[PDB]
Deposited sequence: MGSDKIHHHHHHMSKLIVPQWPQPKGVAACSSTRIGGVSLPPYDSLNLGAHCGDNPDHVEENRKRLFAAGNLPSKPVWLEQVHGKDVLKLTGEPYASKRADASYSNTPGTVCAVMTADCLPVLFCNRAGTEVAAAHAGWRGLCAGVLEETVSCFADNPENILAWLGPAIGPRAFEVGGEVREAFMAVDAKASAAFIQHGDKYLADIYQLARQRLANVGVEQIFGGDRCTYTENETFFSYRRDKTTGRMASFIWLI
């Protein structure tokens, strides 16, 4: 399948999907459903892949792509001065929030009532810096009414990092030590657990997903760590 549908108690007024590498037209190293236009692929192929995926996902409009910079800024999708941001927020029907990834954690959010949605691109830098709390801060609803879906990311068996990454996280939130295990001179990091921690700090505990690994599941996902020059997937959410 070209896409995954989040397994969460999705409100009737919300739609969401997350793409795989399967079912497009690109050739290696972008094989096949590469959505990224700035990673060296044949641009005709990328355009075709986007057409295929947007049709498969029944997107009502084109996604509002961001100029992702591995920061913590959120674009409120008001209908831009700048799209330099790593998350977006919408309360407008038909507006599609999207983040593009190939290892960095996508997080999709909505409220139980189905009146607000958001998408965050939470690579370790952005996650550490507070992109998830920034995104949550945009919601009008109460925190216990926010649902968060952890999309396909590089998982804890493959995401090896140096001690400086562990230090960066622990400097914000000491609990972060629980999300690393030592491997020689490095650490294996659980980005999912880090997300759960940082969201729990802001009262968001209804968390779903977190069961995939972009690195390990190579027939299903692109992985920057695995392949360096490769394609991108994306995660999408909208109010119907």
**Message:** Ranges lacking C-alpha coordinates, please, mapped onto the deposited sequence and listed in sequence order.
**Reply:** 1-13, 93-94
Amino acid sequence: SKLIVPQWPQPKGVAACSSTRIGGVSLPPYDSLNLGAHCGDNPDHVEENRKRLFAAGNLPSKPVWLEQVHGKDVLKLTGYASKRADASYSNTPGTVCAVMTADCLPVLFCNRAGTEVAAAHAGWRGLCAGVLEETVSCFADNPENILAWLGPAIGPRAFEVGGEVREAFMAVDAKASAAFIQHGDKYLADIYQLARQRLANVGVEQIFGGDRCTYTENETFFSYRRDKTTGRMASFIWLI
From here on, numbers count along this sequence of modelled residues.
**Request:** Look up the CA B-factors in the entry and say which stretch, 70-78 or 135-143, has the higher mean.
**Result:** 70-78
**Item:** Selected stretch [higher average CA B-factor]: 19-27 or 6-14
**Value:** 6-14
**Asked** If you rank the chain by CA B-factor, which third does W124 end up in: lowest, middle or highest?
**Response** highest
**Third assignment of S61 from its chain's C-alpha B-factors** = middle
**Message:** Using the temperature factors of the C-alpha atoms in this entry, rank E47 within its chain: lowest, middle or highest third.
**Reply:** highest
**Prompt:** Lowest, middle or highest third: where is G162 by C-alpha B factor in its chain?
**Reply:** highest
**Fill in**
Of the three thirds of the chain ranked by Cα temperature factor, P106 occupies the lowest
